[PDB]
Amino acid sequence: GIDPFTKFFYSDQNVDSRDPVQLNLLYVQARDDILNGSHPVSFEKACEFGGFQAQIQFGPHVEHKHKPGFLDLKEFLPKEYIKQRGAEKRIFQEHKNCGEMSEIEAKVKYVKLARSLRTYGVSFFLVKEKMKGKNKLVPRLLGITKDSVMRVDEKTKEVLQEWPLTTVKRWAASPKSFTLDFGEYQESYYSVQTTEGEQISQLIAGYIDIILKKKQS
């Protein structure tokens, strides 16, 4: 009357192919965060996600149908990459790589890829910091996680630096800046220009508190 075991299988602590409804919720959340920039990713990764997305929405790649011009790119990429050369061609190569995988397999692999990035689950703020060796402010991504703070390249999304929350001695904000003091771990403060210093401070406090209450129980 039917065989469950003919299907793709994968289960880890984050996601599970055997729970379709829960999986779709996980997929929707992860995809939205990437498409709208809440989860910043590199160009290369965006196209990989896009390729899984295409498999999910269109099924297996059909080369004479799914070609440059077919996609509404803004539906498949973070805005940053919509106008970048060869975007669509990259997406379709990743789409082709999916072969005949099912919708569920594609969703599992999308969620897995998202969770595999260091940027997963990080709240990022676009700020300006001093440029190395220059009296000049340039853009950068400042991320707050459950247990750390990280500097990330706004273009490539490379993680440039990461400080554990346990190395942060104190922090301060003004309506135009935000500053971290790492006490004995390094000589100089880290300050950036931003109008969102208050939000940043609250996330940091909030996350420290969650950790301080783990120790208790």
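One-based numbering along the sequence shown.
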Between 128-136 and 100-108, name whichever shows the higher mean Cα B factor according to the PDB entry.
128-136
Of 151-159 vs 38-46, the stretch with the larger average CA B-factor in the entry is 151-159
For the listed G121, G143, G86, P78, which has the peak Cα B-factor recorded in the PDB entry?
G86
Looking at the C-alpha B-factor of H61, is it in the lowest, middle or highest third of its chain?
middle
Ordered by C-alpha B-factor within the chain, which third holds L73? Give me lowest, middle or highest, please.
middle
For the chain shown, is the CA B-factor of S174 in the lowest, middle or highest third of its modelled residues?
highest
For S191, the third of its chain by CA B-factor is the lowest
Ordered by C-alpha B-factor within the chain, which third holds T166? Give me lowest, middle or highest, please.
highest
